[PDB]
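File shown: data-v4.csv (CSV, C-alpha atoms and all ligand atoms).
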chain,number,residue,atom,x,y,z
A,42,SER,CA,17.3,-14.1,-11.2
A,43,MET,CA,20.2,-15.2,-9.0
A,44,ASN,CA,21.1,-18.1,-6.8
A,45,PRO,CA,22.6,-17.5,-3.4
A,46,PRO,CA,26.1,-18.5,-2.6
A,47,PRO,CA,26.3,-22.2,-1.6
A,48,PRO,CA,26.6,-23.3,2.0
A,49,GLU,CA,30.1,-23.2,3.5
A,50,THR,CA,32.3,-26.3,3.0
A,51,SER,CA,35.5,-24.8,4.4
A,52,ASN,CA,36.1,-22.7,7.5
A,53,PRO,CA,39.6,-22.9,9.0
A,54,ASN,CA,38.6,-21.6,12.4
A,55,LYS,CA,35.7,-24.0,12.9
A,56,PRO,CA,36.8,-26.8,15.2
A,57,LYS,CA,36.5,-30.2,13.5
A,58,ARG,CA,37.1,-33.9,14.1
A,59,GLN,CA,37.2,-37.3,12.4
A,60,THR,CA,35.1,-39.6,14.4
A,61,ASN,CA,34.2,-43.2,13.6
A,62,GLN,CA,30.6,-42.0,13.3
A,63,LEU,CA,31.5,-39.4,10.8
A,64,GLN,CA,33.5,-42.0,8.9
A,65,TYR,CA,30.3,-44.2,8.7
A,66,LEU,CA,28.3,-41.2,7.5
A,67,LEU,CA,30.7,-40.9,4.6
A,68,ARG,CA,31.5,-44.5,3.8
A,69,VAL,CA,28.0,-46.0,4.4
A,70,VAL,CA,25.3,-43.2,4.5
A,71,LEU,CA,26.5,-40.7,1.9
A,72,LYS,CA,27.9,-43.5,-0.5
A,73,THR,CA,24.5,-45.4,-0.4
A,74,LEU,CA,22.4,-42.3,-1.1
A,75,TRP,CA,24.8,-40.9,-3.7
A,76,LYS,CA,24.7,-44.0,-6.0
A,77,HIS,CA,20.9,-44.3,-5.9
A,78,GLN,CA,18.9,-43.8,-9.1
A,79,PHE,CA,17.0,-40.9,-7.4
A,80,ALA,CA,20.1,-39.1,-6.1
A,81,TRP,CA,20.7,-36.8,-9.1
A,82,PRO,CA,18.4,-33.8,-8.0
A,83,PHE,CA,20.1,-33.7,-4.6
A,84,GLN,CA,23.8,-34.0,-5.7
A,85,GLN,CA,24.3,-30.2,-5.9
A,86,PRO,CA,22.5,-27.0,-4.7
A,87,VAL,CA,19.2,-26.3,-6.3
A,88,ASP,CA,19.8,-24.1,-9.4
A,89,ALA,CA,16.7,-21.9,-9.1
A,90,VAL,CA,17.7,-19.9,-12.2
A,91,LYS,CA,18.0,-22.9,-14.6
A,92,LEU,CA,15.0,-24.6,-13.0
A,93,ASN,CA,12.9,-21.4,-13.3
A,94,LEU,CA,12.0,-21.4,-9.6
A,95,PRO,CA,12.4,-17.7,-8.6
A,96,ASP,CA,10.6,-18.2,-5.3
A,97,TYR,CA,12.8,-21.2,-4.2
A,98,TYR,CA,15.2,-19.2,-2.1
A,99,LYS,CA,12.4,-17.0,-0.8
A,100,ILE,CA,10.9,-20.1,0.8
A,101,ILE,CA,14.0,-22.1,1.5
A,102,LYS,CA,16.2,-20.1,3.8
A,103,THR,CA,18.4,-23.0,5.0
A,104,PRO,CA,19.4,-24.8,1.7
A,105,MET,CA,21.3,-28.1,1.8
A,106,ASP,CA,22.2,-30.8,-0.7
A,107,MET,CA,24.4,-33.9,-0.8
A,108,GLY,CA,27.1,-32.2,-2.9
A,109,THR,CA,27.6,-29.8,0.0
A,110,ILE,CA,27.4,-32.7,2.5
A,111,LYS,CA,29.9,-34.7,0.5
A,112,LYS,CA,32.4,-31.8,0.5
A,113,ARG,CA,31.9,-31.3,4.2
A,114,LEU,CA,32.6,-34.9,5.0
A,115,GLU,CA,35.6,-35.1,2.6
A,116,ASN,CA,37.0,-31.9,4.1
A,117,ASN,CA,36.3,-33.1,7.7
A,118,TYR,CA,34.3,-29.9,8.2
A,119,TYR,CA,32.1,-31.4,11.0
A,120,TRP,CA,32.7,-31.7,14.8
A,121,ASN,CA,30.1,-34.5,15.3
A,122,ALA,CA,27.7,-36.8,13.5
A,123,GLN,CA,24.7,-34.9,14.7
A,124,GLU,CA,25.8,-31.9,12.6
A,125,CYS,CA,25.9,-34.0,9.5
A,126,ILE,CA,22.7,-35.8,10.2
A,127,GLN,CA,21.0,-32.4,10.6
A,128,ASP,CA,22.3,-31.5,7.1
A,129,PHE,CA,20.6,-34.5,5.6
A,130,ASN,CA,17.4,-33.8,7.5
A,131,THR,CA,17.5,-30.2,6.3
A,132,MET,CA,17.8,-31.4,2.7
A,133,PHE,CA,14.8,-33.7,2.9
A,134,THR,CA,12.7,-31.1,4.8
A,135,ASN,CA,13.5,-28.4,2.2
A,136,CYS,CA,12.1,-30.7,-0.5
A,137,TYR,CA,8.9,-31.4,1.5
A,138,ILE,CA,8.5,-27.7,2.3
A,139,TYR,CA,8.8,-26.4,-1.2
A,140,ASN,CA,7.1,-29.2,-3.2
A,141,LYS,CA,3.7,-30.9,-3.1
A,142,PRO,CA,2.9,-34.5,-1.8
A,143,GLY,CA,3.3,-37.0,-4.6
A,144,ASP,CA,5.4,-34.9,-6.9
A,145,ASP,CA,8.3,-36.8,-8.5
A,146,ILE,CA,10.9,-34.9,-6.5
A,147,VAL,CA,9.1,-35.7,-3.2
A,148,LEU,CA,8.9,-39.4,-4.1
A,149,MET,CA,12.6,-39.3,-4.8
A,150,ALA,CA,13.4,-37.6,-1.5
A,151,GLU,CA,11.2,-40.2,0.3
A,152,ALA,CA,13.1,-43.1,-1.2
A,153,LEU,CA,16.5,-41.6,-0.2
A,154,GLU,CA,15.2,-40.7,3.3
A,155,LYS,CA,14.0,-44.3,3.9
A,156,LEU,CA,17.5,-45.5,3.1
A,157,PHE,CA,19.0,-42.8,5.2
A,158,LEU,CA,16.9,-43.8,8.2
A,159,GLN,CA,17.9,-47.5,7.7
A,160,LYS,CA,21.6,-46.6,7.7
A,161,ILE,CA,21.6,-44.2,10.6
A,162,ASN,CA,19.7,-46.7,12.7
A,163,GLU,CA,23.0,-48.6,12.8
A,164,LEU,CA,25.3,-45.6,13.4
A,165,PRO,CA,28.1,-47.1,15.5
A,166,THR,CA,28.7,-46.2,19.1
A,167,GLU,CA,31.4,-43.5,19.3
A,168,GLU,CA,34.9,-45.1,19.5
B,1,LIG,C1,11.4,-27.8,-12.4
B,1,LIG,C2,10.6,-27.7,-11.2
B,1,LIG,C3,9.3,-27.3,-11.2
B,1,LIG,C4,8.5,-27.2,-10.1
B,1,LIG,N1,7.1,-26.7,-10.2
B,1,LIG,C5,6.1,-27.7,-10.6
B,1,LIG,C6,4.7,-27.2,-10.7
B,1,LIG,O1,4.6,-25.9,-10.2
B,1,LIG,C7,5.4,-25.1,-11.0
B,1,LIG,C8,6.9,-25.4,-10.8
B,1,LIG,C9,9.0,-27.6,-8.8
B,1,LIG,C10,10.4,-28.0,-8.8
B,1,LIG,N2,11.1,-28.4,-7.7
B,1,LIG,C11,12.3,-28.8,-8.2
B,1,LIG,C12,13.4,-29.3,-7.3
B,1,LIG,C13,14.6,-29.9,-8.0
B,1,LIG,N3,14.7,-30.0,-9.4
B,1,LIG,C14,15.8,-30.8,-10.0
B,1,LIG,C15,15.4,-30.8,-11.5
B,1,LIG,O2,16.4,-31.5,-12.3
B,1,LIG,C16,14.1,-31.6,-11.6
B,1,LIG,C17,13.0,-31.0,-12.3
B,1,LIG,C18,11.8,-31.7,-12.3
B,1,LIG,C19,11.6,-32.9,-11.8
B,1,LIG,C20,12.7,-33.5,-11.1
B,1,LIG,CL1,12.6,-35.1,-10.4
B,1,LIG,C21,13.9,-32.8,-11.0
B,1,LIG,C22,15.8,-30.4,-7.1
B,1,LIG,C23,15.6,-30.3,-5.6
B,1,LIG,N4,14.4,-29.7,-5.0
B,1,LIG,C24,13.3,-29.2,-5.8
B,1,LIG,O3,12.4,-28.7,-5.3
B,1,LIG,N5,12.3,-28.6,-9.5
B,1,LIG,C25,11.1,-28.1,-9.9
Written form, structure tokens:
Amino acid sequence: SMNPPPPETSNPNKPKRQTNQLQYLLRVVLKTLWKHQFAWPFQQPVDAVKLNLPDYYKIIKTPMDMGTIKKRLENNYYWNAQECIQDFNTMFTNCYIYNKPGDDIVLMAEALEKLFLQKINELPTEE
């Protein structure tokens, strides 16, 4: 079995910016979720080989994880906050699509998503 290549975190011809909203997504949103006791399954791409999930990437065609998001933020890969918010939502949705309600991994995603929603509720107005 094989894992796909990870999502892109560098692309020199992609336009990019450093907005105050993207700064908040790194300093507040990512930092808060990354330190959480339930962050560990989401800190890197799903290793479907080691986890013995050969169907994972047959079902999940838009993978995303906080390790990739962290690199994208630190590399200033994004043009706007919506692109980064979409990455977080893709992460959570992938977990809910693949797994079953009440599974440990779903409870973990739900705890992180609740904090994500609380932080993005106070995304600053664009400077
Ligand atoms: C091992 C395993 C089994 C199953 N099935 C259970 C019953 O049916 C047969 C197979 C589904 C899985 N889903 C993921 C998964 C992740 N695993 C991280 C791993 O360290 C892990 C492994 C177990 C629990 C946790 Cl909390 C974390 C990370 C992100 N998204 C995911 O979906 N792992 C699964």
* Asked: Hey, which of A:166, A:59, A:159, A:85 ends up closest to residue 104 in chain A? Count only C-alpha atoms.
  ->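 Residue with the minimum atom-to-atom distance to residue 104 in chain A: A:85.
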Between chain A and ligand LIG 1 (chain B), at 12 Å or less, what are the per-residue closest atom pairs and their distances in Å? Count only C-alpha atoms and all ligand atoms, order by chain and rising residue number, and return it as a tab-separated table.
residue	atom	partner	partner_atom	distance
A:78	CA	B:LIG1	CL1	10.8
A:79	CA	B:LIG1	CL1	7.9
A:80	CA	B:LIG1	CL1	9.5
A:81	CA	B:LIG1	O2	7.5
A:82	CA	B:LIG1	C22	4.4
A:83	CA	B:LIG1	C23	5.7
A:84	CA	B:LIG1	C22	8.9
A:85	CA	B:LIG1	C22	8.6
A:86	CA	B:LIG1	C23	7.7
A:87	CA	B:LIG1	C22	5.4
A:88	CA	B:LIG1	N3	7.8
A:89	CA	B:LIG1	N5	8.0
A:90	CA	B:LIG1	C1	10.1
A:91	CA	B:LIG1	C1	8.5
A:92	CA	B:LIG1	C1	4.9
A:93	CA	B:LIG1	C1	6.6
A:94	CA	B:LIG1	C8	6.6
A:95	CA	B:LIG1	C8	9.7
A:96	CA	B:LIG1	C8	9.8
A:97	CA	B:LIG1	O3	7.6
A:98	CA	B:LIG1	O3	10.4
A:100	CA	B:LIG1	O3	10.6
A:101	CA	B:LIG1	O3	9.6
A:104	CA	B:LIG1	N4	9.7
A:105	CA	B:LIG1	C23	9.6
A:106	CA	B:LIG1	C23	8.2
A:107	CA	B:LIG1	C23	10.7
A:108	CA	B:LIG1	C23	12.0
A:131	CA	B:LIG1	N4	11.7
A:132	CA	B:LIG1	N4	8.6
A:133	CA	B:LIG1	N4	8.9
A:134	CA	B:LIG1	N4	10.0
A:135	CA	B:LIG1	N4	7.4
A:136	CA	B:LIG1	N4	5.2
A:137	CA	B:LIG1	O3	8.1
A:138	CA	B:LIG1	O3	8.6
A:139	CA	B:LIG1	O3	5.9
A:140	CA	B:LIG1	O3	5.7
A:141	CA	B:LIG1	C9	8.5
A:142	CA	B:LIG1	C9	11.6
A:143	CA	B:LIG1	CL1	11.1
A:144	CA	B:LIG1	CL1	8.0
A:145	CA	B:LIG1	CL1	5.0
A:146	CA	B:LIG1	CL1	4.3
A:147	CA	B:LIG1	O3	8.0
A:148	CA	B:LIG1	CL1	8.5
A:149	CA	B:LIG1	CL1	7.0
A:150	CA	B:LIG1	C23	8.7
A:151	CA	B:LIG1	CL1	11.9
* State, in Å with one decimal place, the distance from CA of residue 160 in chain A to CA of residue 118 in chain A. =>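 Computing the Euclidean distance for CA of residue 160 in chain A and CA of residue 118 in chain A yields 21.0 Å.
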Skip residue 163 in chain A itself and residues of its chain fewer than 4 positions away, then list as a PDB file with C-alpha atoms, keeping the file's coordinate frame all residues within 12 Å of it, counting all atoms listed in the file.
ATOM      1  CA  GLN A  62      30.600 -42.000  13.300  1.00  0.00           C
ATOM      2  CA  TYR A  65      30.300 -44.200   8.700  1.00  0.00           C
ATOM      3  CA  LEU A  66      28.300 -41.200   7.500  1.00  0.00           C
ATOM      4  CA  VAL A  69      28.000 -46.000   4.400  1.00  0.00           C
ATOM      5  CA  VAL A  70      25.300 -43.200   4.500  1.00  0.00           C
ATOM      6  CA  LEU A 156      17.500 -45.500   3.100  1.00  0.00           C
ATOM      7  CA  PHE A 157      19.000 -42.800   5.200  1.00  0.00           C
ATOM      8  CA  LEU A 158      16.900 -43.800   8.200  1.00  0.00           C
ATOM      9  CA  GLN A 159      17.900 -47.500   7.700  1.00  0.00           C
ATOM     10  CA  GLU A 167      31.400 -43.500  19.300  1.00  0.00           C
TER      11      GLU A 167
END
* To do: For CA of residue 113 in chain A and CA of residue 162 in chain A, quote the distance in Å rounded to one decimal.
  =>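 Answer for the CA of residue 113 in chain A to CA of residue 162 in chain A separation: 21.4 Å.
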* Using only C-alpha atoms, which residue out of A:73, A:54, A:48, A:63 lies closest to residue 117 in chain A? ->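 When distances to residue 117 in chain A are compared using only C-alpha atoms, the smallest one comes from A:63.
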* Point-to-point distance in Å for CA of residue 154 in chain A and CA of residue 77 in chain A ->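 Computing it gives 11.4 Å between the two atoms.
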* Structure fact -> One residue among A:124, A:164, A:102, A:153 is nearest to residue 68 in chain A when using all atoms listed in the file, and that residue is A:164
* Asked: Which residue out of A:43, A:49, A:99, A:61 has the minimum interatomic distance to residue 128 in chain A when only C-alpha atoms are used?
  ->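 Closest candidate: A:49.
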